[PDB]
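Some notes on the structure that comes next.
In what follows, every chain begins at residue 1, and chains take the letters A, B, ... in the order their sequences are listed. Both backbone and side-chain heavy atoms feed into the values below; hydrogens, waters and symmetry mates do not.
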Amino acid sequence: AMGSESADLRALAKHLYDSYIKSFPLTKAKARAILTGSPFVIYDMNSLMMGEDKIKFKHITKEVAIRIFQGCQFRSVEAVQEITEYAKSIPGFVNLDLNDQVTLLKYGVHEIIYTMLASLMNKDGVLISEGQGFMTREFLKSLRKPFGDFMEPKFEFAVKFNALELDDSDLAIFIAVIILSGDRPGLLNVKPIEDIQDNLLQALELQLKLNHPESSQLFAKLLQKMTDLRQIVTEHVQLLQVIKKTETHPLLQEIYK
Amino acid sequence: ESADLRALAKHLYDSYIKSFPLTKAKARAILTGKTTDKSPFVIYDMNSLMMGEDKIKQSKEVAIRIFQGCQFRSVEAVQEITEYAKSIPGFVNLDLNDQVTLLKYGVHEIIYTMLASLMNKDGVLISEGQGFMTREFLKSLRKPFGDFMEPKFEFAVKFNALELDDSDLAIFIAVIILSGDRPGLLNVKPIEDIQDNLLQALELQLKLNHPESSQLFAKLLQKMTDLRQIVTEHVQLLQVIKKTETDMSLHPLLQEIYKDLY
Ligand SMILES: CCc1ccc(CCOc2ccc(C[C@@H]3SC(=O)NC3=O)cc2)nc1
């Protein structure tokens with residue numbers, strides 16, 4: 001029995017890494033290799049126009065700021081399905097009450113999207129179209145109000161988050177901790193979700209201790225980032241309030257809400 | 001790959017349960033009175049219709065009010081079906097125009113597939129299982145509405161004879177959505193490749209769940225011919241209705257679906 005707890009936690013961590021690799025083809029490791037230095041760079045309106053020829057976008061059915069926002073929504077819809085697939089491989093998740101599964105995902109996917117978005121970001125821009133393109137932070141910032149300000153807070157979060165230097169094996173456990181959050185509103189069976197999250201937290205803590213021995217209290221630091229993810233999501237939900245009440249297919253509208 | 005196809009089948013069943021509150025299993029339980037709950041209210045004539053509208057809980061003429069009730073149920077189903085479609089692996093990665101086309105052309109085929117789950121040869125469950133409207137009452141409605149539901153009943157009787165359950169239907173409805181022959185599709189092969197995988201998953205599901213049912217896979221695919229004819233004939237009936245009725249306020253969602261459809 002000596003060492004068996006450790007071994008079980010490392011086995012869970014490896015299981016989550018392996019499934020994360022299957023659910024998310026464009027890993028942080030691959031993204032960082034692209035970002036450090038080939039993708040087509042969109043750095044202004046003109047290069048965005050030629051970018052449309054070099055890259056086949058799937059969301060084009062208008063004004064440039066609106067098309068970019070719709071492109072981001074298309075990608076987020078794809079990410080919801082990748083995250084839902086990944087969640088099925090979190091031990092315990094599929095055996096939960098079906099309604100609680102839906103609830104956990106409804107509230108979890110946005111926090112996860114912005115966590116994983118940081119893997120594709122550096123301080124100067126973001127990979128798009130599976131690494132085929134790179135859009136500068138400055139170009140996004142330049143878009144007309146209120147679209148100039150919709151990606152900037154995500155960049156702010158990502159620069160700080162990426163300074164933790166987490167890798168894919170760390171993130172796989174962290175995103176599972178996020179999904180198994182017992183405090184989402186409307187959950188029927190809270191105790192089993194907390195039990196699963198307890199074991200995931202143990203696994204995350206041991207993973208960070210072994211992978212980042214030089215990083216004092218990285219576990220605590222990473223848990224604290226949950227306050228900023230929740231801030232980012234809340235703030236982002238408010239901005240989606242504006243866009244639907246100041247800006248402007250019926251099936252298309254259905255696909256997304 | 002066997003385990004991949006079983007994992008696909010289980011994923012679709014789960015998302016089907018998440019997306020469709022009134023399953024065939026529940027519809028069947030109500031139809032045969034097997035669990036708790038009080039029997040549904042039976043509407044078999046004009047007097048029982050009048051009272052059913054009082055107990056079960058805005059045109060004035062009866063045939064139009066029933067037709068509009070069917071339209072409202074359809075809008076609801078479209079919302080459930082589109083929610084389901086997003087869960088089909090690969091669907092949301094398609095060109096967005098093709099996503100819209102697949103839903104435009106698939107949604108009624110699925111509506112009539114799942115309508116069969118609420119039908120027997122004598123009538124159809126309505127209002128979330130709180131009512132049961134008889135087939136003979138529906139056939140009594142004035143022209144051209146006495147012919148509205150009858151072809152759907154003819155389909156349901158033949159389709160229900162296949163004895164599918166919800167786990168079978170979840171894969172079947174995904175096969176319907178991922179049809180590469182819809183008019184106006186831009187990227188056909190990505191859709192066909194997905195449907196190919198769904199067809200492999202459906203074939204294995206039928207062989208495991210229905211080992212004694214010879215050629216059930218083929219017989220189920222043959223019902224796709226019958227579903228297409230129900231939809232195209234329903235569009236025909238809509239053209240007759242346009243000529244026989246005064247204003248028909250059609251829900252805008254149905255307006256877009258029907259726009260330039262057959
Ligand atoms: C209380 C009136 C009533 C309530 C629901 C049903 C059962 C539903 O049968 C249906 C029949 C047709 C549809 C398709 C509807 S009707 C139409 O023109 N377009 C549609 O999408 C959808 C459901 N029967 C009678």
Inset, instruction - Pick out which of B:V78, B:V100, B:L253 makes a side chain to side chain contact (heavy atoms under 4.5 Å, CB included) with A:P250. - result: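 The passing option is B:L253.
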Legend entry - Distance-minimising heavy-atom pair for B:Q99 and A:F74: NE2-CE1, 3.5 Å
Please say whether more than 12 non-hydrogen atoms of neighbouring residues, nucleotides or ligands are located less than 6.0 Å from [atom1] in [X].
| X | atom1 | result |
| --- | --- | --- |
| A:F40 | CZ | yes |
| B:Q229 | CD | no |
| A:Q241 | CD | no |
| B:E128 | CD | no |

Inset, instruction - Please state whether the side chain, the backbone, both or neither of A:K88 comes within less than 4.5 Å of a heavy atom of chain B. - result: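 For A:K88, the side chain is the part near chain B, not the backbone.
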Inset, instruction - With a 4.5 angstrom heavy-atom cut-off, could you sort out which part of A:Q81 is near chain B: side chain, backbone, both or neither? - result: side chain
Inset, instruction - Measure the spacing between CD of B:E256 and CG of A:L251 and express it to the nearest 0.5 Å. - result: 4.0 Å
Legend entry - Value rounded to 0.5 Å, distance of CG in A:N99 from CD1 in B:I17: 10.5 Å
Just list the side-chain donor-acceptor pairs under 3.5 Å for residues 178-195 of chain B, sequence neighbours left out, or say none.
from	atom 1	to	atom 2	distance (Å)
B:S179	OG	B:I176	O	2.5
B:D181	OD2	B:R228	NH2	3.3
B:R182	NH1	B:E109	OE2	3.0
B:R182	NH2	B:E109	OE1	3.0
B:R182	NH2	B:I176	O	3.2
B:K189	NZ	B:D193	OD1	3.2
B:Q195	NE2	B:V175	O	2.9
B:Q195	NE2	B:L178	O	3.1

Legend entry - Pairwise side-chain contact, A:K58 with B:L96, heavy-atom cut-off 4.5 Å (strictly under): no
Inset, instruction - For A:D18, enumerate each residue passing the salt bridge (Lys or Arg N to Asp or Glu O under 4.0 Å) test, keeping only those at least two apart in sequence or located in another chain. - result: A:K14
Legend entry - Option that, when pairs with chain A are counted at under 4.5 Å, heavy atom only, ranks first among B:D98, B:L103, B:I257, B:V92: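 Among the listed options, the one with the most contacts to chain A is B:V92.
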